[PDB]
Amino acid sequence: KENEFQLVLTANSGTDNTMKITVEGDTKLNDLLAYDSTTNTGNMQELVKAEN
Amino acid sequence: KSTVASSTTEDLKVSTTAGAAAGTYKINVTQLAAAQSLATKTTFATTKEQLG
Amino acid sequence: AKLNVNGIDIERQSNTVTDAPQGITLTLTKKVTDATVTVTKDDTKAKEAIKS
């Protein structure tokens, strides 16, 4: 809504294309962009789940 | 950076400004916006009649 | 107007939603459930410009 913004990362279609994100060199960006899809935990949240 | 968009339903209409990222979006329109309307409590004999 | 795009809640003042995501203009006519909007890249404009 007005005066609020969000960042969305979308992979390709499929369950082989599940992102695992790690930021290297910076600690704040890693605090904001960090997801481990293998363990399904991270700083980002998953809106849409991957399917075949 | 030019793309074209299409919609399954005819109720929703979609157009693409330059810079869009290709993908698929799932859209649920919960509500619709409406504009306030105010009507005089009484009724008048004719327009030419002076009100004030 | 209240809608939901890919699991993100959007609230606007009018029935022309523009910045969800940035670069796609949606015209809402009536309430919808699980509509699909597909955006695919087209290169016709660049090839016409190059040919001319």
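The residue numbering used throughout counts from 1 along each chain in the order its sequence is written. It may not match the entry numbering, and residues with no coordinates are not shown. As a convention, the first chain written is A and the first ligand written is 1, with the rest following in written order. Readers should keep in mind that the chains presented make up only part of a larger assembly and that every value pertains to that part. Water and hydrogen atoms play no part in the side-chain values, which are based on all heavy atoms of the structure.

Header annotation of the entry names cryo-EM as the structure determination method and lists the resolution as 3.4 Å.

1. A few points about the interface of chain B and chain C
What counts, and what does not: Any two residues whose heavy atoms approach within 4.5 Å at even a single point are treated as in contact. Simply put, the buried area is the total loss of 1.4 Å probe accessible area from both parts when two parts are fitted together. Salt bridge, as applied in this entry: a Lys or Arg side-chain nitrogen positioned within 4 Å of an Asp or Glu carboxyl oxygen. Identification of polar contacts relies on pairs of N or O atoms within 3.5 Å, with a donor-acceptor requirement for protein atoms, meaning one able to donate a hydrogen and the other able to accept it, and with residues adjacent in sequence counted only if both atoms are side-chain atoms. Secondary structure is summarised from DSSP: a helix means a run of H or I of at least four residues, a strand means a run of E of at least two, and numbering begins at the N terminus for each. The residue classification treats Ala, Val, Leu, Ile, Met, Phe, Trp, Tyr, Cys and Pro as nonpolar and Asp, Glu, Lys and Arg as charged. All others, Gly included, are polar. Two strands make a pair as long as DSSP finds a minimum of two bridges between them.
The partner chain C presents 31 residues to the 29 residues of chain B that form the contact. Where chain B abuts chain C, roughly 3,300 Å² becomes buried across the two surfaces, and 52% of that area is made up of carbon and sulfur atoms. If you sort the residues of chain B by the area they bury against chain C, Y25, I27 and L32 of chain B come out on top, with a joint share of 20%. Run the count over chain B and chain C and you get zero salt bridges. Taken together, the connections running from chain B to chain C amount to 21 residue pairs in polar contact. When contributions to the side of chain B that touches chain C are tallied by element, the ones reaching two or more residues are β1 (3–7), β2 (13–16) and β3 (23–29) of chain B. Here the element with the most residues in the side of chain B that touches chain C is β3 of chain B; it accounts for seven residues. For the side of chain B that touches chain C, the residue count by class is twelve nonpolar, 14 polar and three charged. Of the strand pairs in this sheet, β2 of chain B and strand β4 (residues 22–27) of chain C are connected by four bridges, and their pairing is antiparallel. By the bridge assignment for β4 of chain C, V14 of chain B is matched with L26 of chain C.

2. Brief notes about a nonpolar patch on the surface
Inclusion rule: Patch rule: a residue counts if its relative accessible area is over 30% and it has no salt bridge; like charges are joined within 9 Å, and nonpolar side chains (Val, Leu, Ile, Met, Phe, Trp, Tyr) within 5 Å. Here the open area of atoms and residues is found with the Shrake-Rupley method and a 1.4 Å probe, where only the protein chains shown may cover a residue. To sort residues, take the accessible area from a 1.4 Å probe on protein chains only and compare it with the maximum for the residue type: under 20% means buried, over 50% means exposed, and anything in between is partly exposed.
A contiguous nonpolar patch, built from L7, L9 and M19 of chain A and spanning about 270 Å² of accessible area, is present on the exposed surface. Of the residues examined, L7 of chain A reaches a relative accessible area of 61% and is grouped as exposed.

3. Digging into the sheet that holds β1 of chain B
By way of backbone hydrogen bonds, the strands of a sheet pair with one another, either parallel or antiparallel. How we decide: Lines fitted to the C-alpha atoms define the axes, with helices restricted to the stretch that makes contact. Angles between their N-to-C directions range from 0 to 180 degrees.
Pairing in this open sheet of five strands is antiparallel, and the strands run β1(B)-β5(C)-β3(B)-β1(C)-β2(C) from one edge to the other. Across the chains shown, the open sheet's two edge strands, defined by having one partner strand only, are β1 of chain B together with β2 (8–11) of chain C. Ignoring which end each strand starts from, the neighbouring axes of this sheet average 25 degrees apart.

4. Quick look at the nonpolar core
In summary, soluble globular proteins display a tendency toward joint burial of nonpolar side chains. Note the following rule: Residues belong to one nonpolar core when they are buried, are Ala, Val, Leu, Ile, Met, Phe, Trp, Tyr or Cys, and are joined through side-chain atoms within 4.5 Å.
Formed by 19 residues in total, the largest nonpolar core has its most connected members in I27 of chain B together with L3 and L26 of chain C. Broken down by secondary-structure element, the contributors of at least two residues to this core are β3 of chain B together with β1 (2–5), β2, β4 and β5 (32–41) of chain C. Among the elements that make up this core, the one with the highest residue count is β5 of chain C (four residues).

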